[PDB]
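Taking it in order: structure first as structure tokens, then the write-up.
Positions of Cβ are backbone-derived with ideal geometry, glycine not excepted, and every protein chain shown enters the neighbour counts. A short reminder: the numbers here are calculations on the coordinates, not readings from a lab.
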There are 2 protein chains.
Amino acid sequence: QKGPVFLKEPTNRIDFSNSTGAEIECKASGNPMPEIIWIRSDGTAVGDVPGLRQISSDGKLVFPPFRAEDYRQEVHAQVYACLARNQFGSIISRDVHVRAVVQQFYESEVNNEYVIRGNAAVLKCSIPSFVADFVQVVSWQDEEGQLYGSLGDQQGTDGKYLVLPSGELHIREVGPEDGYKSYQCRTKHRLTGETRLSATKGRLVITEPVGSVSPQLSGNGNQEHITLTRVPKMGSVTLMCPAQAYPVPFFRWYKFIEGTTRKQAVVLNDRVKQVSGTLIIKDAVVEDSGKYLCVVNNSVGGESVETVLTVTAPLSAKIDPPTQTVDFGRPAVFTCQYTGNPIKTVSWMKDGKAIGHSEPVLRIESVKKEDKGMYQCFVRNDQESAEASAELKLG
Amino acid sequence: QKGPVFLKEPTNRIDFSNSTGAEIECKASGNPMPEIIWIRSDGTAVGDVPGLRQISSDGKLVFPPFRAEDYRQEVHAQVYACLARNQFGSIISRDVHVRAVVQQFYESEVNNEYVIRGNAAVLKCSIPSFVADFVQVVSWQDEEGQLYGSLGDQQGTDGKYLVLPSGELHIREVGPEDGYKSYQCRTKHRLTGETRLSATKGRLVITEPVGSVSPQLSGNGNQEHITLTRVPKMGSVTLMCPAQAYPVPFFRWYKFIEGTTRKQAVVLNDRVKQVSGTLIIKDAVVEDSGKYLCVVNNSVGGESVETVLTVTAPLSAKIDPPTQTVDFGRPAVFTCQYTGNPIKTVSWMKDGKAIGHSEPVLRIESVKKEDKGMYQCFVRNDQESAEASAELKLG
Ligand SMILES: *[C@@H]1O[C@H](CO)[C@@H](O[C@@H]2O[C@H](CO)[C@@H](O[C@@H]3O[C@H](CO)[C@@H](O)[C@H](O)[C@@H]3O)[C@H](O)[C@H]2NC(C)=O)[C@H](O)[C@H]1NC(C)=O
Ligand SMILES: *[C@@H]1O[C@H](CO)[C@@H](O[C@@H]2O[C@H](CO)[C@@H](O[C@@H]3O[C@H](CO)[C@@H](O)[C@H](O)[C@@H]3O)[C@H](O)[C@H]2NC(C)=O)[C@H](O)[C@H]1NC(C)=O
Ligand SMILES: *[C@@H]1O[C@H](CO)[C@@H](O[C@@H]2O[C@H](CO)[C@@H](O[C@@H]3O[C@H](CO)[C@@H](O)[C@H](O)[C@@H]3O)[C@H](O)[C@H]2NC(C)=O)[C@H](O)[C@H]1NC(C)=O
Ligand SMILES: *[C@@H]1O[C@H](CO)[C@@H](O[C@@H]2O[C@H](CO)[C@@H](O)[C@H](O)[C@H]2NC(C)=O)[C@H](O)[C@H]1NC(C)=O
């Protein structure tokens with residue numbers, strides 16, 4: 001009477017510690033009941049490998065916790081998928097990327113940054129890159145023990161000290177006296193739940209402006225940088241415009257637009273704050289996207305720096321009509337609507353096996369016997385993916 | 001009988017210390033002898049400020065040495081120009097940027113680097129951004145002083161340790177024994193000729209791989225990194241990308257051809273060498289420009305980071321005919337021929353005064369009274385500019 005459809009799809013990304021283990025649910029409905037088959041990135045199918053992979057009731061695939069000696073790449077680093085099929089057809093769920101991370105020691109360091117008196121200084125906590133995605137900066141702590149980043153999910157921007165949403169610590173108006181203060185960043189492993197203070201203690205090395213200098217970027221000997229950053233909706237972006245000069249310069253921010261060589265000034269309102277040489281955007285919407293330009297000027301000259309912004313939006317899919325009934329030889333239309341950002345590509349599948357059709361909507365001239373089954377619109381960007389399905393019957 | 005011309009013109013950038021002082025000289029020929037004035041590109045002419053500037057016996061501009069206190073911004077950091085004048089017309093030299101920097105104290109540091117065993121590690125000597133224009137890495141060395149290598153002195157690419165043109169220290173396939181050793185850099189301020197050792201010592205902190213890891217960037221996110229570099233012709237550039245993973249990934253360097261995104265593989269000849277994940281080009285040329293790419297695939301997955309190179313050639317220009325003799329009413333013009341790279345803009349001037357024409361041909365539909373005089377074609381870009389002079393005479 002009805003084909004298979006996923007009631008609950010597995011999530012895009014599952015990251016878990018060897019100590020933690022993991023569980024992934026897949027359930028689809030229809031009649032007569034669909035099977036539930038776990039499938040690898042390519043094809044074939046999923047077996048149980050005791051102590052590592054098991055399938056429980058409800059059709060849930062579980063990875064129990066394991067000791068480091070038992071780690072296997074083809075198991076733990078693999079990208080999986082769920083398959084549900086009945087007599088009417090088959091449907092594959094969205095791609096499920098599984099990465100297990102065996103618990104290991106690591107140390108976080110806050111290195112010093114060099115700055116001229118006044119202006120603004122910014123200190124970053126240096127986190128090993130390979131662990132970088134599993135660890136986030138929570139707060140910062142000075143010699144007297146003050147927590148600058150520990151209050152609220154949003155920080156007051158009008159004070160001397162501000163902990164940026166990027167985890168980085170921003171300081172307005174560096175004085176000669178504050179150089180005697182040292183700071184430590186606290187990090188927390190999202191899986192283990194362990195918190196640890198930074199190993200080394202960072203400090204500000206302050207150079208006295210005994211002579212004037214143009215704006216100087218972080219690069220050396222003709223080195224510029226274009227930082228392309230992405231942040232999800234409702235989150236908070238931070239745009240960096242690192243510089244040092246004397247006399248202390250002023251930072252004017254601008255925004256390019258689609259296919260333009262020009263720009264316009266940026267709105268400074270309560271939604272989007274600016275602080276010194278750094279711009280913060282709270283409650284990021286999708287329209288905050290597009291090429292941004294920071295320009296630093298003073299009496300002796302000026303320079304600009306480019307940073308581009310793309311706001312991630314959750315992908316989705318809907319096929320219409322969900323269930324279609326068409327005669328023999330008569331065409332039928334499946335249009336796939338979707339919501340999200342960005343979208344790199346869109347695929348199509350018939351009964352679990354993929355077609356080469358790259359367009360959002362697809363057509364069929366004359367309905368034949370082979371044209372009955374389950375179809376799916378696969379929309380995937382580089383970082384994610386999502387899908388829906390539809391049924392077609394003959395009459 | 002003849003108009004003004006420069007047989008000697010200053011170089012664009014002149015940098016010097018408070019103790020060193022500096023001189024810049026122009027000279028002019030023609031007939032009768034054109035008078036030589038030193039005028040700010042700001043539009044005003046400068047005279048003799050005692051001890052902080054003056055003019056010597058012949059035509060030249062000299063900045064004497066001075067103690068730190070006597071530093072004045074309006075003199076020591078300024079754009080200047082050289083101007084020749086006679087009854088025929090006027091001409092100006094290229095914009096000369098004079099930058100004086102008083103001797104002061106600074107320190108460099110070598111921060112620790114985090115690396116997965118088997119991967120190549122790159123240690124950086126961190127120097128203040130504002131002294132970056134001057135100081136450059138000379139050599140590295142052991143805890144006891146043993147040199148790992150000296151920058152700019154000869155080479156070889158196949159050894160464990162190699163110091164790159166950028167000044168960084170590269171280590172191939174880091175291992176357990178390396179963790180016990182310290183890496184320590186010496187730098188040289190080229191204006192003061194003084195070399196000092198970094199205040200701190202960097203140490204390699206090695207993590208032992210257990211589970212597999214996709215290729216990881218130096219950024220966490222959400223912030224990948226573009227790098228815009230560039231280098232002088234027949235210099236030595238260095239490309240880069242900071243991949244950290246297990247198992248050790250392989251690096252295939254490609255190059256975006258002109259225009260469209262079509263990729264092309266990079267050749268490794270006796271000149272161009274690739275060690276681990278870092279490409280090098282010795283004796284660079286302008287044709288080496290264009291967007292580059294290094295794709296790092298791994299057993300688990302793959303990722304790509306981009307860099308765009310531009311190699312500069314010295315700027316010059318020549319205007320023909322050197323001197324036109326135009327009859328009354330006939331269109332007569334100078335075309336601007338030149339060589340160099342890059343060129344962002346080109347402008348013109350009528351006997352010292354700016355018009356605002358753009359493309360390098362000036363054509364007027366016919367001559368008049370005022371048209372008689374001097375003309376110049378000024379090619380300009382970020383780092384420098386050059387010029388040429390020409391005349392017409394009504395008849
Ligand atoms: C996930 O993997 C980690 C590996 O880092 C497991 O933690 C490790 O557990 C072993 C025990 O099997 C610890 O080794 C022990 O160390 C003590 C000295 O502290 C020694 O006396 C014992 O004989 C034994 O060798 C190891 O230190 C520990 N490492 C860390 C970083 O915690 C963890 O148990 C695994 N999760 C599981 C099995 O659920
Ligand atoms: C603040 O400083 C920036 C320097 O980064 C200034 O931007 C620069 O402005 C100059 C003119 O003021 C531009 O020069 C012009 O360029 C066009 C080509 O686009 C050329 O045809 C003109 O003849 C002229 O030379 C320069 O391109 C521009 N550079 C950048 C990177 O923006 C900015 O104007 C300064 N703002 C203020 C208010 O002074
Ligand atoms: C350019 O500026 C520098 C820095 O201001 C000048 O060098 C400095 O000279 C002073 C001497 O007036 C040095 O101070 C000290 O002198 C006492 C003796 O009274 C001595 O015991 C100390 O050991 C120290 O030398 C200062 O160290 C020195 N600093 C540097 C960086 O060189 C320099 O003289 C100026 N150039 C000219 C041409 O005057
Ligand atoms: C190396 O890594 C890349 C990822 O950057 C793999 O996938 C390519 O990804 C781009 C999108 O950035 C696609 O346009 C390409 O079509 C992908 N490659 C292919 C072959 O389809 C790439 O496949 C990896 N290569 C190897 C040999 O593993």
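Where in segment A:62-101 are there trypsin sites (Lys or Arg not before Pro) that are in a DSSP coil and have at most 14 other Cβ atoms within 10 angstrom of their Cβ? All intermediate terms of the calculation are to be shown ahead of the outcome.
Details: sites: A:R67, A:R72, A:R85, A:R94, A:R99; in loops: A:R67, A:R72, A:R94.
In loop regions of segment A:62-101 (DSSP not H, G, I, E or B), the sparsely surrounded trypsin sites (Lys or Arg not before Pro) are A:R67.
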Label point 7 Å beyond Cα along the C-beta direction, distances from B:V361 to other copies (nm, shortest first): 5.1
Minimum Cβ-to-axis distance in chain B for the rotation onto chain A, with residue, whole Å: B:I226, 2
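Compute for segment B:1-107: radius of gyration divided by Kirkwood radius, i.e. Rg/Rh, restricted to C-alpha atoms, rounded to two decimals. Don't skip to the end; give the middle numbers.
Working: Rg = 15.1 Å, Rh = 14.7 Å.
On the Cα set of segment B:1-107, Rg over Rh gives 1.03.
For segment B:270-395, what's the relative contact order in percent, using C-alpha pairs closer than 8 Å and at least 6 residues apart?
Details: 243 pairs, mean separation 30.1, N = 126.
For segment B:270-395, the relative contact order is 24 percent.
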DSSP bridge pairs, the protein assembly as shown: antiparallel proportion in percent, nearest 5: 85
Rg [Å, one decimal], Dmax [Å, integer] - chain B, C-alpha atoms: 26.9, 88
Dipole of segment A:1-128 [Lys/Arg +1, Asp/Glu -1 at C-beta], most positive-end residue of A:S93, A:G30, A:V79: A:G30
Equivalent ellipsoid semi-axes - Cα gyration tensor, segment A:315-395, angstrom: 24, 11, 10
Cut-off under 5 Å, modelled amide H: who pairs with A:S108 long-range: A:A199
Computed [θ] at 222 nm, helices only, for the protein assembly as shown once each DSSP H run of length n ≥ 4 contributes -39500 (n - 2.57): 0 deg cm²/dmol
Principal axis dimensions, the protein assembly as shown - Cα atoms, whole angstrom, descending: 106, 72, 58
For segment A:329-362 versus segment A:1-74, the gap between their alpha-carbon centres in whole angstrom: 26
Compactness index (Cα Rg / 2.2 N^0.38 Å), segment B:84-123: 2.87
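Pick out, in residue order, every one of the trypsin sites (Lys or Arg not before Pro) in segment A:342-395 that is DSSP loop and has at most 12 other C-beta atoms within 10 Å; say none if there are none.
Numbers: sites: A:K344, A:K350, A:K353, A:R363, A:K368, A:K369, A:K372, A:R380, A:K393; in loops: A:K344, A:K368, A:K372.
Hits after loop and neighbour filter: A:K344, A:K368.
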For chain A, share of DSSP beta bridges that run antiparallel, in % to the nearest 5: 85
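Let's see if you can work this out: charge +1 on each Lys and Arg Cβ, -1 on each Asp and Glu Cβ, no other charges. What is the dipole magnitude of segment B:177-336 about its Cα centre, in debye to the nearest 20?
On the way: 19 positive and 14 negative charges, 84 e Å.
Computed charge dipole of segment B:177-336: roughly 400 debye.
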Binned Cα-Cα distance frequencies in segment B:59-127 - 10 Å width, integer %: 13, 25, 19, 17, 14, 9, 3, 1
Those GluC sites (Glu not before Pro) in segment B:250-357 that DSSP places in a loop and that have at most 16 other beta carbons within 10 Å: B:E258
Dipole magnitude (debye, nearest 20) for segment A:189-268, charges at Cβ of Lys, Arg, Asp, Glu: 300
Relative contact order for segment A:103-209, counting Cα pairs under 8 Å that sit 6 or more residues apart, in percent: 39
Bins of 5 Å from zero: percent of alpha-carbon pairs in segment B:283-360: 3, 10, 13, 15, 13, 9, 8, 7, 6, 5, 4, 3, 2, 1, 1, 0
Positive-end extreme of charge dipole, segment A:82-199 - chosen from A:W140, A:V115, A:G152 (charges on Cβ): A:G152
Overall Cα dimensions of segment B:210-314, principal axis frame, Å, largest first: 51, 31, 23
Shortest-first distances to equivalent copies, position A:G43, nm, label 7 Å out along Cβ: 7.5
Point-charge dipole on Cβ atoms (K/R +1, D/E -1) for segment B:315-395, about Cα centre, debye to 20: 200
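Starting from the eigenvalues of the Cα gyration tensor, five times each then square-rooted, give me the equivalent ellipsoid semi-axes of segment B:103-209, largest first, whole Å.
Details: eigenvalues 125, 45, 26 Å².
Semi-axes from the Cα gyration tensor: 25, 15, 11 Å.
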Dipole axis of segment B:210-314 (+1 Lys, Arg; -1 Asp, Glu on Cβ), positive-most option in B:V300, B:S214, B:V266: B:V266
Along each principal axis, Cα extent of segment A:259-395, largest first, Å: 79, 28, 22
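For segment B:1-61, take the convex hull of the Cα atoms, compute a quarter of its surface area, and give me that in nm², please. Can you show the working numbers first?
On the way: hull surface 21.0 nm².
Here the figure is 5.3 nm², rounded to one decimal.
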Shortest-first distances to equivalent copies, position B:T339, nm, label 7 Å out along Cβ: 6.3
Relative contact order of segment A:137-279, pairs being alpha-carbon contacts under 8 Å that are 6 or more residues apart, as %: 18
Scaled radius of gyration (Cα, divided by 2.2 N^0.38 Å) that segment B:267-327 gives: 2.00
